[PDB]
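Peer 1: Next input, structure requested:
(chains A, B, C and D)
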Amino acid sequence: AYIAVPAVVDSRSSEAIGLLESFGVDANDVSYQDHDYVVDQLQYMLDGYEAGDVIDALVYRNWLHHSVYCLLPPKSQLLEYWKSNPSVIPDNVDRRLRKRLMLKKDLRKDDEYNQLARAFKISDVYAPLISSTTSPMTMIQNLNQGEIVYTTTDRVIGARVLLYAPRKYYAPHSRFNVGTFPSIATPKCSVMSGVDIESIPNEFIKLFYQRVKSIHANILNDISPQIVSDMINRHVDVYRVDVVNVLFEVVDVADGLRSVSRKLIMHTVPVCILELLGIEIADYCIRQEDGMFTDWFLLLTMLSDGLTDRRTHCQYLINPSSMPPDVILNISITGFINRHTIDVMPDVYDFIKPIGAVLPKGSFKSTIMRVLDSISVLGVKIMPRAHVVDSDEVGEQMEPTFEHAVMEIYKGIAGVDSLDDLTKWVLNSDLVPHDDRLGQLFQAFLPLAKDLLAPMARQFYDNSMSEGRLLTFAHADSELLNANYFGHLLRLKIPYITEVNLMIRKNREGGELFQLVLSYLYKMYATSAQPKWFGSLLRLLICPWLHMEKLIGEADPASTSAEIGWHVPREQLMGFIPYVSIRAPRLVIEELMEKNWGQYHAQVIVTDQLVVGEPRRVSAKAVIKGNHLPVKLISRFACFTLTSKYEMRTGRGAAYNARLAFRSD
Amino acid sequence: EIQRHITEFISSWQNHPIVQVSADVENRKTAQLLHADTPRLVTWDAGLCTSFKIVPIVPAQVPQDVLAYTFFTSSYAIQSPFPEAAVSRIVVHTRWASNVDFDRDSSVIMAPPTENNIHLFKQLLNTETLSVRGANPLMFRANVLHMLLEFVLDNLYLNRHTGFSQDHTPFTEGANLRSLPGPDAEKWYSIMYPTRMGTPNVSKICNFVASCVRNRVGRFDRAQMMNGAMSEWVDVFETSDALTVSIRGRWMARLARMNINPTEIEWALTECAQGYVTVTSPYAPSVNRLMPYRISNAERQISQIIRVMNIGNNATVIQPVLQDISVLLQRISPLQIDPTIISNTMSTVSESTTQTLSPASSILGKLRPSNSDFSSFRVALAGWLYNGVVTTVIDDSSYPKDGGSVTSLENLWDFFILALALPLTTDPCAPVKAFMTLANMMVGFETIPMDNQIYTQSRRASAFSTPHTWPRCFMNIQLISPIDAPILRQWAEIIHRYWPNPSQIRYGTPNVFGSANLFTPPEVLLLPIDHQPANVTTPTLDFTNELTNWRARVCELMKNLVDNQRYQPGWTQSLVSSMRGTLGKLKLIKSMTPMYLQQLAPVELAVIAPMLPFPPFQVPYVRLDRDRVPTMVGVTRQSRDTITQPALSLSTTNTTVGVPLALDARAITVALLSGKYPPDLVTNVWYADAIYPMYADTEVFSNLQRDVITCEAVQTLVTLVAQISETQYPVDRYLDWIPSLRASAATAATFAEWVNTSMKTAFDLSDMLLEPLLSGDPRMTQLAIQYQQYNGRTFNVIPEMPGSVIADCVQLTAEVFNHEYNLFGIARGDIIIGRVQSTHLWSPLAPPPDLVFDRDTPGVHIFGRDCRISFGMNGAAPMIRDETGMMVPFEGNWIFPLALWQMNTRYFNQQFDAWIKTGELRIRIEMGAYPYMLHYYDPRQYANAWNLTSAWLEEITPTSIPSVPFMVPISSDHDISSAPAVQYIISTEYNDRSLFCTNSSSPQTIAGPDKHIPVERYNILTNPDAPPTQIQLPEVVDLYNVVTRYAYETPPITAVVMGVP
Amino acid sequence: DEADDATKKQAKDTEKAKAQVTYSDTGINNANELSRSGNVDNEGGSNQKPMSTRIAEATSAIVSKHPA
Amino acid sequence: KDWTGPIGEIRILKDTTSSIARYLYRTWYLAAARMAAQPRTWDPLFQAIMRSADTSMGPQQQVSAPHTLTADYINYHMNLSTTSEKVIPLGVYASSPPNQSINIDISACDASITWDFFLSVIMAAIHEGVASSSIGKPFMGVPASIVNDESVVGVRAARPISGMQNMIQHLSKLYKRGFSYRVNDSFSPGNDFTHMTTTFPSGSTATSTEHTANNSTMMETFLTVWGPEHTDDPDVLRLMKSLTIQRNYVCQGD
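Peer 2: Numbers count the residues shown, from 1 in each chain, chains lettered A, B, ... in the order given. Next up is the structure itself:
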């Protein structure tokens, strides 16, 4: 039996991962194949040939007929190796050619050797032979015959390649086997159907499976993970989180009767949050006595990367208000249809540097800055409020502030005075803006946004880079680009309607419709780049820490923790500020004691008074000179905080060429 | 309106367009044409084929006073096939007990009727309906049609043979019970076999079960073909749904019509190869497999028409196809480049160093080889498969740039290049371009008469593109004077005599592959040149064919030109002799390319052409005949004003299709002058080695499967749109009692978008089905194609529309729905609002005939267009006016249309509701069709319907109405004391087919409406004289019949047809 | 399937690299053969679920208990 | 409104837009579609010939090929307004008495074009003009691939990437954020940092050709569309409708 799963399977490692219970199969007899090398071999295979020949060749290959390649030096070193110390010449050889090879001190002057060598072919001796002009189909079709295949080139696909000569001449089954490529040559070979072709994270397995299901879809023996669990029976990495989707529906129980309105889906919630919140297939009220969402459905919608319905397939942004064109108040969860892993660590996060998250104007900030401040998984704090900079704060240290500065833009438009008249002039009864008038307002908004805000933002962000590594919210995309912001640029959105948020909140300090107009100004000020689903940051923020305590937990607080920070020598006249903080098991921090923390230099200015009831502290300022810190310099196995202020354990202080120092116990 | 503008904003947010095809699609058309995916045809169902589940509503009174708890089977935890409840109804739910491979993403899932089922009927066209409840009553027919389409498309499965087990209880006579898989399967057997239950009581279930036939349970027929193998098909008695059984029987009939066994697969892959590779198929008793691939001819032709309509005047969709066939010819062709043969042969041309001109060295600069010259030759070789949509011409830059005198030597070589390159292209004006190329170069040297002052002799030869820019002096050679233009008189006869001759080559396998060509017969391809099959397989250089003759006579014309007496004394003798030697050698160059084009290229075009993602599309080639040059190949996709016949509406409602593409003339004649063979080539070894990896794929077998769905969805579209619009095709309409609006072209286009989206949601498709037809006017659609010659004579092809399965099954489901509208949550007729106060226990879904009235009832006032209400003055009664011009008070029996109430739903409520509640008038509101709730009530207590019916009357809107609420009493099994109940809304027709049984585990029903187990459904059990196959399907659905269960396997083609390498 | 093990035993009996008397990959097209597989039962059904489990569920469908 | 959802990291511009950017879109789209159909870009020898992080002051050239390769097609085949020895008689004609001349110079040519208006439309056009001719065929060293899309709002699907547009995928994420510089002057010690911009390097080679193409394209759509739609005084209209950039416009840089 041979089934196929949508993930890279190695025999020694994916057993340690388990990798089959991760799709949802309860489970010896299950022997794993090593399909690690075929993916890199496929990547080397694709750059020369086309796609379809390579894929349609690899499809027709069984993974039980065990075989191997053979690679030989082309012609001159082939005859030279037979000339050399081994006389291991096969019996297919020419009777005259082996006789001329068994002699000593052959050279160019030998006409009798050279005349026969210039008419000698490799295909005379070795058959079947893969040359460079052969199709990829006939390579595998000839490979499925005779347990060894002779080649000429490296660029082959299939089994392992072994070499014939030394490099100086060149230029075990069980009953159930899993793999990552569906075979067709056996009437019985199977493919699992858990996840679709849209959530496969390898980008070569995805390209393979789309082409397989494009043409061979009728003849695939298809099974589900429940049927796999029927057929079977009768170090620990972080940043790999199982995800599922919630198939729910909104119900409207008025009094007695209930109705069903929509049939929604919520694409990539993590499984650990669903386990720790303890939710099941039942009904739920998702509103409080006020009408706010009750602090767990809010977190579920802030973890996902999508929310659509199932009858049509358009994006569904839910209503956060309580005005009833469409109020979502009751939820009935009905199942979980796909399950796979995901690498939570993104691509853009390479060097340790501050995080600029771009949210729109009416997104929920006042709730998430309350919730993220109140999380603690271990003896650390994940994201305190003192490390978070609002989008508001950058334009407030100014002669009358940027909101009030563009509040008086009305002086300059003909027929416009008394700001309510401007807000009546721009928006109609629909509160959708007119096409020209919003741009006519924007052509006066824009020099106030660029020539007045951006130098102050550049100065403020230099100051914020100096006094620690923080997280900075931002309204628009270009607000972090016209000001030369240094850090990771994150474009985010929430699954909610940000517009009707702007009419719920009172105490807005100005026109309540004016801030909706100002939100439209920022929405048009930004560039045309696609934002990336706030759950893409929130899973990074929460889910590695929550997975950490299941295996770091109660080992010892002294020797699971360690911290990185800048170190000044003791010889000073009147020191260790922290940079990150790392919590890991014992072997990982023992592997962190090496990888020396030199080749990283700053210039610490350290002068302040004691400020709070905690012990002696001076809020220093470190400015990194050299390169910033890579993450693979730390680990893949050790979680670390992202934001930190600067302080050390009276007198004064000056510019100190600091260095780092890994301390632990 | 501060809070109200938020509602307006959200209601203008939620009306976003569902279709965003505003961007261009011609980057996706190319990928679809080069590689279209297969649909998913065969899917297996291991459960039991049903769609109706019997749901309980009100639980039974399992403790009571008049009967002990030891009577009921529920006290002993005995599992029963039916819910032991007080009221049981039938609701509709597709694919419960269905362990499918994967779902079609279709579902008609319904709540029980005590809940609200309005969300199924506001799905389609209610963009502008505000409330959560309520739907537009002018959308009901389109909503029901989409619901029936989903209901059909959710049942397209094949039944699977799971496995049996003989029982050990004495409940049956040792019968063989089915075992169906799943996580929890020990409770399906009570549901699946009603007659297996023991009979303790005189409860209604036990009165039904013990009054049936015993030997109709489990297995009764199998086909055992081999020892120790799966049985291929069985026939089983179990709970089923005869509509679903009918749908899956028709689907199995279609897939059994598509079936082939590997013997003709062997024969077809031999005939397509033309013997150059052979394959095998075994000779043994079969294991009864199912490989659906053989389709008809018209299904292939229709998809060919749709693809030709896709490539419309674009030349960037069809360019990668010719570029693909270039690489595919390059893979298996034996010919190769040899660029050095001209540079070798021009090393022995006798000339003098003293001269300034050099005829030996001018050709090598004019005709430089660069090894990328077959990339422009194999495209011209591949363009012979398509003259209808592709017309390969010579590039503009390959012409001598405003004339060029014949005294010049470089332009004289430039003439030779074009004269060799022009017969290869499929452009019909190639001979007149070849003639005018010389006639441009001879201006003031030799003159011939023209047609006008515009297309003169000096008019550029590339400007002759239309087949009647041909000069009269070209088709009458006598008009060219033999003594004042003798060389043009020569070249005209050379064109009229030695131009190549078209032929035909016979590709294709007509049996398995449906032939795709139109305007040519099947199993034939047309070539521009002549071919002769070779007798030898060790080929060698010969000089007797049309291309070598053409090269020789162009060289001899240039020899007569250099030997002309007006042209020679302008030169010296050492230059004339060198040019004559160069021409005499260039005639006798030794290249294999004219022999290859004669003998081997027509074989390997026919080898390739069936195995091709876009099949050949040709109109007839012709040399030199002006009257048979084809213009305007054109497809249609719609009719016009009132002409409903395609042969009449074809000539004025088409779209001309086709492109020219440009190739250079240098690279074709480098290929023609320079080409050689391998050293020891033997053709029956070379082609047998080359063709063998090509014929292990199955992509053409996937395209044959896609053409089924591409022809099927068109007839599905026509049949479904004809139920709401006025088309020309003869269809059968059933849903006229359901009201709808007068649909426009925008409504028809939107409904057709929903049709093909639901069509490609099932079958697992991801690109571009039926949008070429969808882009304009889906009401009147038709498919045809035509071209004409120059003389106005038109050929045309109107392919017939073959049999469709989904379009038949939708009409079958509508025929059932006409008699079982109740099960899908729809009522028929209209309601009568009036105060009825009594203690009786009749049900409002079956009212007594004393309370209803119609238009034929004497003394009933009818209200129409005219709704004018006069108020009351000084105590007189207010009045409303009749249709006949009378003026009546607010009393009696009235008849409204629903739209009259909807247009005046505020002004009528204040005037009428206080009179309906307490006074003495009763209003009949004509609707035709409506959904309904069911609020039950305990019949021992008081019950007023006014809070329900006032909430129904106040939610009526010019857009929508909510579902109609009723009040049905709860039946009991012992005597109860009666309390007065007031109800206002009753029905008119019978409306109580949805009820299954009342007091299921009880001896009798005394008070309230009763209904026993319906004997007319379970016909096979209760009637001992009926055959087991019999279904009375257009009237009732019977919920139990024999179903066949297959165990066929679907292997790939290469698992049975090997190929012998 | 079952011929690959026979060819491998054929190679091990002579202790050579490739076997000479092969049973698989012959010139004979043998796609319609059947081995005595463990998938079919003696009736003709499949064995997705074992026979004693099928009988146990078929008789646990209808059992009775004591009245409360 | 005048964008759809992403095809990977690229949003496409719908042709029913009201802005002027569709005329910028169609020139680069036609340029890519006509350079991909050339036979010379597909033999491996020419790909080897064309083969043959930050930057500072005292590897972009491996993945930014087809932007330059389609800039050259605009500069030398579509609108031959660039003179990239013959500059002298141009100005001697242009300085004569009956004719005038207008000296148009673009200030800040390196800070000119960003992801906001130009690079987004250009990387949307090159990702679509190439994918017709090249389907699955790889480039020099980058293979074919796949990435999801939300082009139409109906559904989403897989839609395999060609391999030449795979560089557009990997390169638009570089253009989307900006460039990173690093300085160290010897004229002031203790002065050593890094800096993030949107501007381009000063004196590269490929940074001239595509700026010239972007000059000539916007000048042509000025003289064609924006011109007649925004003026009265039909002497100005008659003057605009008489000249085109093939007949009188010469550009070499900014």
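Peer 1: Where do the strands of chain D begin and end?
Peer 2: Taking DSSP state E to define them, one finds strands in chain D at D:6-7, D:10-11, D:55-56, D:145-146, D:160-161, D:179-184, D:192-197.
Peer 1: Not counting the second one itself, show me its contacts.
Peer 2: What it means is strand D:10-11. A:528-530, D:3-5, D:120, D:123-124, D:127, D:168-169, D:172 (C-beta atoms under 8 Å, 6 or more residues apart in numbering or on different chains). For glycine as for every other residue, the C-beta is placed from the backbone atoms N, C-alpha and C.
Peer 1: Just among the residues you listed, which is most surrounded?
Peer 2: Highest neighbour count within the contacts of strand D:10-11: residue D:168, with 29 neighbours (other C-beta atoms under 10 Å in any protein chain shown).
Peer 1: Spell out which parts of the stretch 801-950 of chain B neighbour chain A.
Peer 2: With C-beta under 8 Å from any C-beta of the partner chain as the criterion, the stretch 801-950 of chain B meets chain A at residues B:933, B:935.
Peer 1: likewise the stretch 151-254 of chain D?
Peer 2: Counting by C-beta under 8 Å from any C-beta, the residues of the stretch 151-254 of chain D that sit close to chain A are D:153-158, D:160, D:163, D:176-178, D:190, D:192-198.
Peer 1: Whichever of these end up buried, select them in ChimeraX.
Peer 2: With 16 or more other C-beta atoms under 10 Å in any protein chain shown as the criterion, this ChimeraX line picks the buried residues out of these:
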select /D:153,154,155,156,157,158,160,163,176,177,178,194,196,198
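Peer 1: List the contacts of the closest residue to chain C within the stretch 101-250 of chain A.
Peer 2: Residue nearest to chain C within the stretch 101-250 of chain A: residue A:145 (5.4 Å; C-beta to the nearest C-beta). Neighbour list for residue A:145: A:128, C:25 [criterion: C-beta under 8 Å, 6+ apart].
Peer 1: What backbone torsions are found at it?
Peer 2: Residue A:145 has phi and psi values of phi -100, psi -60 when expressed as degrees, to the nearest 10.
Peer 1: Equivalent analysis for residue A:312, please.
Peer 2: Dihedral angles (degrees, to the nearest 10) for residue A:312: phi -90, psi -180.
Peer 1: Please report how far it lies from residue B:753.
Peer 2: Distance of residue A:312 to residue B:753, given as C-beta to C-beta, to the nearest Å: 11 Å.
Peer 1: do residue B:660 as well
Peer 2: 35 Å.
Peer 1: quick one, which of the two is more surrounded?
Peer 2: Each of residue B:660 and residue B:753 has its neighbours counted (other C-beta under 10 Å); residue B:753 has more, 18 against 11.
Peer 1: Just give me how far the helix or strand containing that one sits from the chain centre.
Peer 2: Taking DSSP states H and E as the criterion, residue B:753 maps to helix B:745-761. Chain-centre distance of helix B:745-761: 12 Å, with C-alpha atoms, centre = their mean, to the nearest Å.
Peer 1: again with stretch A:163-173
Peer 2: In terms of C-alpha atoms, centre = their mean, the centre of stretch A:163-173 is found 38 Å from the chain centre.
Peer 1: Out of the contacts of strand D:10-11, which is nearest to residue B:845?
Peer 2: Proximity of the contacts of strand D:10-11 to residue B:845 (C-beta to C-beta) peaks at residue D:5, which lies at 49.0 Å.
Peer 1: and the residue nearest to the closest one when sequence neighbours are not counted, how many neighbours?
Peer 2: With sequence-adjacent residues excluded and distances taken as C-beta to C-beta, 6 or more residues apart in numbering or on different chains, residue D:5 is closest to residue D:150, at 3.0 Å. The local packing of residue D:150 (other C-beta under 10 Å) involves 18 other residues.
Peer 1: Would you mind naming what in chain C lies close to chain B?
Peer 2: Contact residues, chain C versus chain B (C-beta under 8 Å from any C-beta): C:27, C:29-34, C:36-37, C:39-41, C:43-49, C:51, C:54-55, C:57-62, C:64-68.
Peer 1: Narrow the residues you listed to those that are buried.
Peer 2: Neighbour-count burial (16+ other C-beta under 10 Å) applied to those gives C:29, C:31, C:40-41, C:43-46, C:48-49, C:51, C:54-55, C:57-59, C:61-62.
Peer 1: Tell me who's in contact with residue B:965.
Peer 2: B:932-933, B:935, B:945, B:948-949, B:951-952, B:985.
Peer 1: cool, and residue B:178?
Peer 2: Residue B:178 neighbours (C-beta under 8 Å, 6+ apart): B:162-164, B:192, B:218-219, B:236, B:238.
Peer 1: So which of those belong to strands?
Peer 2: Using DSSP E, B:164, B:218-219, B:236, B:238 are the members of these that sit in strands.
Peer 1: Report how many residues lie close to the closest residue to residue B:819 other than its chain neighbours.
Peer 2: In space, not counting the residues next to it along the chain, residue B:819 is nearest to residue B:1035; the distance is 5.5 Å by C-beta to C-beta, 6+ apart. Neighbourhood size, residue B:1035 [other C-beta under 10 Å]: 13.
Peer 1: does residue B:1035 belong to a helix or a strand, and which?
Peer 2: Using DSSP H and E, residue B:1035 is not contained in any helix or strand.
Peer 1: Shouldn't residue B:579 be within a helix?
Peer 2: Yes: applying DSSP: H, G, I helix; E, B strand; the rest coil, one finds residue B:579 inside a helix.
Peer 1: Who are the contact partners of the closest residue to it other than its chain neighbours?
Peer 2: Of all residues not flanking residue B:579 in the chain, residue B:359 sits nearest, at 4.5 Å (C-beta to C-beta, 6+ apart). Counting by C-beta under 8 Å, 6+ apart, residue B:359 touches B:349, B:351, B:409, B:575, B:578-579, B:582.
Peer 1: Quick one, which of the residues you listed are buried?
Peer 2: Buried members of these, scored by 16+ other C-beta under 10 Å, are B:349, B:351, B:409, B:575, B:578-579, B:582.
Peer 1: ok, residue 35 - contacts?
Peer 2: Using chain A here. Taking C-beta under 8 Å, 6+ apart as the test, what residue A:35 contacts is A:8-10, A:179-181.
Peer 1: wrong one, chain D
Peer 2: Under the criterion of C-beta under 8 Å, 6+ apart, the contact list for residue D:35 reads D:41, D:69-70, D:73.
Peer 1: Of the residues you listed, which is the most crowded?
Peer 2: Among the contacts of residue D:35, residue D:70 has the most neighbours (other C-beta under 10 Å), with 29 neighbours.
Peer 1: if we can go back for a sec, quick check: the residue of the stretch 101-250 of chain A closest to chain C vs residue A:65, distance?
Peer 2: 9 Å.
Peer 1: Let me see the ranges of the helices in chain D.
Peer 2: Per DSSP state H, chain D carries helices over the ranges D:21-36, D:44-51, D:65-73, D:87-94, D:118-129, D:165-177, D:206-221, D:234-240.
Peer 1: now swap in the stretch 451-600 of chain A and tell me
Peer 2: A:454-466, A:479-482, A:501-504, A:514-525, A:535-552, A:557-560, A:586-592 (DSSP state H, counting those that start in this stretch).
Peer 1: among these, which is nearest chain C?
Peer 2: It is, among the helices of the stretch 451-600 of chain A and with distance given as C-beta to the nearest C-beta, helix A:535-552, at 36.5 Å.
Peer 1: Could I get the contacting residues of residue A:67?
Peer 2: By C-beta under 8 Å, 6+ apart, residue A:67 lies in contact with A:143-144, A:146-149, A:159.
Peer 1: How about the closest residue to chain D within the stretch 1-150 of chain B, nearest residue that isn't a chain neighbour?
Peer 2: Residue nearest to chain D within the stretch 1-150 of chain B: residue B:20 (4.1 Å; C-beta to the nearest C-beta). Spatial nearest neighbour of residue B:20, chain neighbours left out: residue D:153 (4.1 Å); criterion: C-beta to C-beta, 6+ apart.
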